[PDB]
Amino acid sequence: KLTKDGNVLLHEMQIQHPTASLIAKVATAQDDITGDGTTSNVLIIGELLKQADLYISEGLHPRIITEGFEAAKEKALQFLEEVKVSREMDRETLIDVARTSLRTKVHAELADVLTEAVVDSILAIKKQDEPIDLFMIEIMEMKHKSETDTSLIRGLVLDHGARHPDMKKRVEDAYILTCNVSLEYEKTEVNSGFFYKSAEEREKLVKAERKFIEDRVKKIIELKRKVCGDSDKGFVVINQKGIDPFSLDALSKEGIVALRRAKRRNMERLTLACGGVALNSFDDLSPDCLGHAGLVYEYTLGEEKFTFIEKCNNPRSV
Amino acid sequence: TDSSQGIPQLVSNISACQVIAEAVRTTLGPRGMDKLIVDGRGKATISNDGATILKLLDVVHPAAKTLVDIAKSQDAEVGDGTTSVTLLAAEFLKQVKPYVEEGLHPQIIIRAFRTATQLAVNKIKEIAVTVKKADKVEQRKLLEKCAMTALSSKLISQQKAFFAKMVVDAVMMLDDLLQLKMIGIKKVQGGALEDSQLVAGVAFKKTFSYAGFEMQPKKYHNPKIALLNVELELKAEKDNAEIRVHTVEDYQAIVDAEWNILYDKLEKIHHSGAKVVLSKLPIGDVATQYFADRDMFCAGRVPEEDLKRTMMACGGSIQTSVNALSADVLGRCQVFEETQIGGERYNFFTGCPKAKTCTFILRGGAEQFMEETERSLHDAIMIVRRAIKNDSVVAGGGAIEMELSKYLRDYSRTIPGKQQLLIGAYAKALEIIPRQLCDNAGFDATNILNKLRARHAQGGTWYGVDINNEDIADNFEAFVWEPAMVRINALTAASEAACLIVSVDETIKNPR
Amino acid sequence: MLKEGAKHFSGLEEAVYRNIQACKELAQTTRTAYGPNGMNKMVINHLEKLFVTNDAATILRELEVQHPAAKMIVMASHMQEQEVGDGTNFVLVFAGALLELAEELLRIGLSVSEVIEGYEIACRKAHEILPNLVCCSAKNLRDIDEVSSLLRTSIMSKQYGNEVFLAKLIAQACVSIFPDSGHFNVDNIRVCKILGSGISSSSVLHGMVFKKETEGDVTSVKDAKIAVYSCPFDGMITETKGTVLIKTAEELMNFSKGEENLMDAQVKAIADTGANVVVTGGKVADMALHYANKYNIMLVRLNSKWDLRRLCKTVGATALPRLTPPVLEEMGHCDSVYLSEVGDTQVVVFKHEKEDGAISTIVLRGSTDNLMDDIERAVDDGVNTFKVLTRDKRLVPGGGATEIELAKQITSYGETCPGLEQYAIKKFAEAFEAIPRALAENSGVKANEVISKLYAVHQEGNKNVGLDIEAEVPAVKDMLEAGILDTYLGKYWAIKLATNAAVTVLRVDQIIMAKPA
Ligand SMILES: Nc1ncnc2c1ncn2[C@@H]1O[C@H](COP(=O)(O)OP(=O)(O)O)[C@@H](O)[C@H]1O
């Protein structure tokens, strides 16, 4: 593990001295206030302690030293308050600040392609008057062969896709509906979490589950046919359970895509950015909970295809 | 905790190879010393062959392991030349040891060794003379000379050489291999009126006799050996099992219930045609009477080698079932005789449809003559097989290494390079056969090597070394030769082993 | 003392010492090779077979190091191995030379930033001046000798005795599929081992090749669907022993009849569902072979995990080691399965090529199992070298004739720009003299006279030291007409990876502490 930061090093070390460990803990406990201020602090403290020890060995009292230190701190605070100056915030100042931060953190090589993306994301997120929040920006990671490779997506990212690709990908105005019903969890026979001895009961339960699945897929097919009826108005369904290919083919024959194996954070971000109600039924209800999607793209790389949705309402997710 | 790479590694490898080279050295000539080997069980064995000693010994050294593996591969692919290759490799390593510490890169000696080996192979090929049906008029004179050369190896009786020639000339029908490991030989015990007898068929040694054993016919017109793994002994069958003890009729009832199935099984296995039962377990007391009452044959206590020989000669099939048999997996003989000589009952099976094995009985009426005088006949038949199968031949002994060494020494004086000393050392290391032979024979090699070098300085004939008369005579007239194909392979294997040893510069160990 | 616990010897003085000595000791056990020489090293690990190798890949894959400076180079080595075909010892030698030449600069009294900047400038200059020594080029890849010469040149680095027959066989196997233009795969060529004669009786054959006997009948139809299985002939009925001698024959006969009826129903259900042949991976039985012969069903005998793994990764089926007869769910694309007699052995041949994605399997045979490994290594190295993904390979005269020219160019360029950046440029130029020295020291003569002769003739860039005795002292030969060239992109990638590794090593160099529990 390579590191160069101050707090990251001070938090993961094996110090044999208890006083040094306590000093490091006290220094790290005051790092959640500002940005990065844990570094360039132990040197001044050590110099002040050495000066105090020298003055004590010469012959003095710690009370006078503390009073002088407090007076000097007050004078320095007054000088810093009187020497401050204002400056109009624009684009060059933030660019220079990000460049200096990248130079102090990373080497002077790839510090030019990240500052522009950071400034663009800040300008796209900040647009109001209230202070911004660092909770709507998700930083994902992948695995490639190159090194310098960055991207700024203005939409959401879906890791999983579909098991039967090659059908369509140019879906403009799409409707997304989030649910959590049991569409196709497993073909194995089940009951109520307890094994039995008779097979007639479990086979009847399996037949009833299959009939319910058929009724649900017929209901969603008729819903898609009612709310659409053409090829331009597409529909996308997100479900955490599996999807049978025999039903997926019949679904794609009319023009509606259904995804399987979805994470909780993905649907959370989808219902927070768009605004949809998560219900446990596939009935014919009001289309107010259906979220709108502008552009959908499928990126094929590695062993799993990713989905990029953009051009949605209120772009507050970079 | 110390390790190096280069010169110290090669020195350690040479020192490790010298141990296994000096471990086996005296066992080279025909009259080598014996060695007793005893493991951790408690049984000791006396052996004098180099292959048996090398097979019963393991070394925890990589170079020694590779050397013994190459030796085993050479012995398995050929069959002669196991200790000579090791001695040649040891001499090559001893000669190359002083030419390493002086700051010499061993990558320049491999080419010189390869060129020397190629020159030696070319000289052997251009000097070899082969003879096979081109003179000595009709073929009636070739067998006489072959028998004379076979008997000249060991001074034995005149009647023993003729019988050996007859037993080695009557087994050359369908044998197309280059070794006698197909038919094999078997030494018997006992005595007879004559000194040696020959027969074509299967041989059966002593058999236990009982009361009324003469009821079976001595001569059979068309016997059929019953190949059944089951036996008819008192322990196999039974006359009384788990029954209620009340009166005397239950015993007869159960014995009749068992005898019904027994008779059904015996009539089913006899209706197929088999009548010569060869049971592995010894027979009892009532089984012989029951077999004689039905005019059948019975036997017992037979080794596995005799059964294998009977299956190979008569052409039997492996039967893995007791009942429900057919009439196609049975053997067919012709003549089955029982001849008692002295204090044993010998059995002969003559008239096999597949002439494969033959019995060579050697009984003189002693207890020590049977074990002794057994390597001479083996060496004689091996020489006969090598002279019959192989075509190329050359004079054996120490008459082919001195000429090659002299030729290499004369050729090394016409090269202006660093290979002169290499070829000189290679030619000097070739002299290890006659010195070791004279040391094992208990003579003085210093008084014979000088005479050999003086005779080979301008003659260039086939003057080798002697053992009985202790002098220097022509090996071409002593009726001793060797094939011109085993020496080339042995030299090639020795050169390859030397190159593989000199190519290894260091080793790498892995803890976990 | 304050951070470490008497485990590592790191501090403010080990940088210009241990971080270089570790790499020096790691590279010292590698300069013995690099070149057509006989320096075999035995490898003893867990197989307990005592086998000698020559390439450094298997040597480094078995050695276990416990140092970060030594582990920082195996990553670059694996990256270079995954990228192009050959290229491994060059990066290590370059890194060792760079570290040994930077040790003096660090001991004199210079900062590491200036050395890093000079090394980067020298690497950029070398990368800019590299596309300038292009002599020969690839014409047409549809010929035979044009690629055979390159294959022979690539094989001569490994085996020195035999290299023409193997190169011709590899060329014939590669030209029978698809060339470099368009699309060419690598995992479509298999190598089989046959224990029989020597290497002077090899041949080529298109399609699948497997050493599997057949105790049934020759099925040359197209409806014979394959059906792979784990261990179908294991033991569906477990029989125990009641007494000591033997039990009643009635129960044994009933059990045998039941097992026979069960296996007959099983084979009938597996043959009537649309599968004429069956792939077994267990033992055999008398009634089993009897039913296989009377039902016209091909039965195999030899079983291996690699065979079933290849059949699963190629076709796409799944073994069903079940007791009850299942359904047919292993439908593949094969249909033409023929039998051939090679070396008195029965082999199978699959025909399913539609002029796209063809496969091939060369027939190999040797004495023992310890000799075919080097042949397979040479074959796969030549196959990887043949792949370049470009029509014009732009071959350069390798072997050391270009390194001296690059060093001279860097030296001439460094004597122009003033400042404190000339020392690093001179060091990077002098570090290029490590390839001819290692090639001259691994032969039999010295290396100073060879370098003087190479620098005294002319700056043509087509002169290199030979291998025979008549080319060691003079070392004046023209490798352009002989046929000794190297890969252009391979050397570039090797230099780039070596520079990256040197930069990473010179950067991270201070105090090596530990992590808390
Ligand atoms: N027959 C030859 N003639 C001249 N140079 C050779 C010959 N064989 C190999 N070389 C040189 O030896 C070097 C090492 O080759 P190789 O072992 O294939 O690559 P690596 O050392 O990366 O494994 C190559 O740069 C090549 O120029």
# chains A, B, ... in the order shown; residues from 1 in each chain; ligands from 1

call {"tool": "residues_around", "arguments": {"residues": "segment 1-13 of chain A", "least_positions_apart": "4", "cutoff": "8 Å", "atoms": "only C-alpha atoms", "output": "MDAnalysis selection string"}}
result
(chainID A and resid 24:25 28 31 38:39 105) or (chainID C and resid 3 514:516)

call {"tool": "interface_residues", "arguments": {"of": "chain B", "to": "chain C", "cutoff": "7 Å", "atoms": "only C-alpha atoms", "output": "list in words"}}
result
residues 105, 107, 503, 504, 505, 506, 507, 508, 509 and 510 of chain B

call {"tool": "write_last_selection", "arguments": {"atoms": "C-alpha atoms", "output": "mmCIF file, in the first residue's frame"}}
result
data_model
loop_
_atom_site.group_PDB
_atom_site.id
_atom_site.type_symbol
_atom_site.label_atom_id
_atom_site.label_comp_id
_atom_site.auth_asym_id
_atom_site.auth_seq_id
_atom_site.Cartn_x
_atom_site.Cartn_y
_atom_site.Cartn_z
ATOM 1 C CA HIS B 105 34.963 -21.819 -19.985
ATOM 2 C CA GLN B 107 31.409 -24.150 -23.384
ATOM 3 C CA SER B 503 26.268 -28.325 -18.730
ATOM 4 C CA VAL B 504 24.863 -27.978 -15.198
ATOM 5 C CA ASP B 505 26.426 -24.898 -13.596
ATOM 6 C CA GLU B 506 24.317 -24.420 -10.447
ATOM 7 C CA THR B 507 21.107 -25.480 -8.710
ATOM 8 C CA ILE B 508 18.087 -23.662 -7.281
ATOM 9 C CA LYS B 509 16.184 -24.784 -4.180
ATOM 10 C CA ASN B 510 12.639 -23.876 -3.147
#

call {"tool": "residues_near_ligand", "arguments": {"ligand": "ligand 1", "cutoff": "7 Å", "atoms": "only C-alpha atoms and all ligand atoms", "output": "ChimeraX atom specification"}}
result
/C:34-36,55,86-90,153-154,156-158,398-400,466,484,486

call {"tool": "residues_around", "arguments": {"residues": "residue 244 of chain A", "least_positions_apart": "3", "cutoff": "10 Å", "atoms": "only C-alpha atoms", "output": "number ranges by chain"}}
result
A: 163, 183-187, 247-249, 260

call {"tool": "select_by_dssp", "arguments": {"residues": "segment 67-294 of chain C", "states": "helix (DSSP H, G or I)", "output": "PyMOL selection string"}}
result
chain C and resi 68-83+89-108+112-129+145-155+164-175+249-272+286-294

call {"tool": "residues_around", "arguments": {"residues": "segment 198-200 of chain B", "least_positions_apart": "6", "cutoff": "7 Å", "atoms": "only C-alpha atoms", "output": "list in words"}}
result
residues 350, 357, 358, 359, 360 and 361 of chain B

call {"tool": "closest_atom_pairs", "arguments": {"of": "chain A", "to": "chain C", "cutoff": "6 Å", "atoms": "only C-alpha atoms", "output": "JSON lines"}}
result
{"residue": "A:13", "atom": "CA", "partner": "C:515", "partner_atom": "CA", "distance": 5.4}
{"residue": "A:14", "atom": "CA", "partner": "C:516", "partner_atom": "CA", "distance": 4.9}
{"residue": "A:15", "atom": "CA", "partner": "C:3", "partner_atom": "CA", "distance": 5.2}
{"residue": "A:16", "atom": "CA", "partner": "C:2", "partner_atom": "CA", "distance": 5.7}

call {"tool": "write_last_selection", "arguments": {"atoms": "C-alpha atoms", "output": "JSON list (two decimals), in the first residue's frame"}}
result
[["chain", "number", "residue", "atom", "x", "y", "z"],
["A", 13, "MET", "CA", 0.93, 2.90, 12.01],
["A", 14, "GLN", "CA", 2.41, 0.94, 14.92],
["A", 15, "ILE", "CA", 3.92, 3.48, 17.33],
["A", 16, "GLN", "CA", 5.77, 2.03, 20.33]]

call {"tool": "residues_around", "arguments": {"residues": "residue 181 of chain B", "least_positions_apart": "4", "cutoff": "12 Å", "atoms": "only C-alpha atoms", "output": "list in words"}}
result
residues 79, 175, 176, 177, 185, 357, 378, 382 and 385 of chain B

call {"tool": "write_last_selection", "arguments": {"atoms": "C-alpha atoms", "output": "PDB file, in the first residue's frame"}}
result
ATOM      1  CA  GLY B  79      21.037 -55.111 -22.013  1.00  0.00           C
ATOM      2  CA  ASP B 175      11.236 -66.222 -31.970  1.00  0.00           C
ATOM      3  CA  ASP B 176      11.931 -62.902 -33.711  1.00  0.00           C
ATOM      4  CA  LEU B 177      13.122 -60.799 -30.752  1.00  0.00           C
ATOM      5  CA  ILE B 185      14.835 -71.254 -18.555  1.00  0.00           C
ATOM      6  CA  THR B 357       8.912 -73.633 -24.616  1.00  0.00           C
ATOM      7  CA  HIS B 378      23.727 -68.397 -19.768  1.00  0.00           C
ATOM      8  CA  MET B 382      23.755 -65.143 -24.868  1.00  0.00           C
ATOM      9  CA  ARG B 385      22.057 -65.320 -29.678  1.00  0.00           C
TER      10      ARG B 385
END

call {"tool": "residues_around", "arguments": {"residues": "segment 368-384 of chain C", "least_positions_apart": "4", "cutoff": "10 Å", "atoms": "only C-alpha atoms", "output": "JSON, numbers by chain"}}
result
{"C": [49, 50, 51, 52, 53, 54, 55, 84, 85, 86, 150, 151, 152, 153, 154, 155, 156, 157, 158, 159, 163, 166, 167, 169, 170, 171, 173, 174, 186, 189, 190, 191, 192, 193, 194, 195, 196, 197, 198, 199, 362, 364, 388]}
